[PDB]
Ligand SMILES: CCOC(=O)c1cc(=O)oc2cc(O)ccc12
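For reference, the chain that follows is the form deposited without the ligand, supplied as structure tokens.
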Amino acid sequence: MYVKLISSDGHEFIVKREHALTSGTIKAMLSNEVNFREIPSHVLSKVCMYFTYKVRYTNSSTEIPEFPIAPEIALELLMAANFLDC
């Protein structure tokens, strides 16, 4: 039901399985808990928002909002997004 994702700096992120299974990288790392030696909490907290965003709006007629990204985190997020395939 829920799984745990942990940042390079130890913070834990508890999220639904399904939400998490949105990343094939994560999908594969559970086949429970997963440590990410290379993503800090400020990046992985956005990932998770993106999971919750993706799941809320995928398959929806009422207008969808822009997922926002600060300028400071864009580069770390790009690299995570690339790694996590999502």
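Just count from 1 along the sequence shown to find any residue number.
Another form exists, solved in complex with the ligand; not displayed. Remarks below refer to it.
Using a 4.5 angstroms threshold between heavy atoms, residue 79 counts as touching the ligand in the deposited complex. Contact annotation: residue 38 falls within 4.5 Å of the ligand in the deposited complex, judged by heavy atom distances. The ligand is not drawn, but in the deposited complex it has a heavy atom within 4.5 Å of residue 43.
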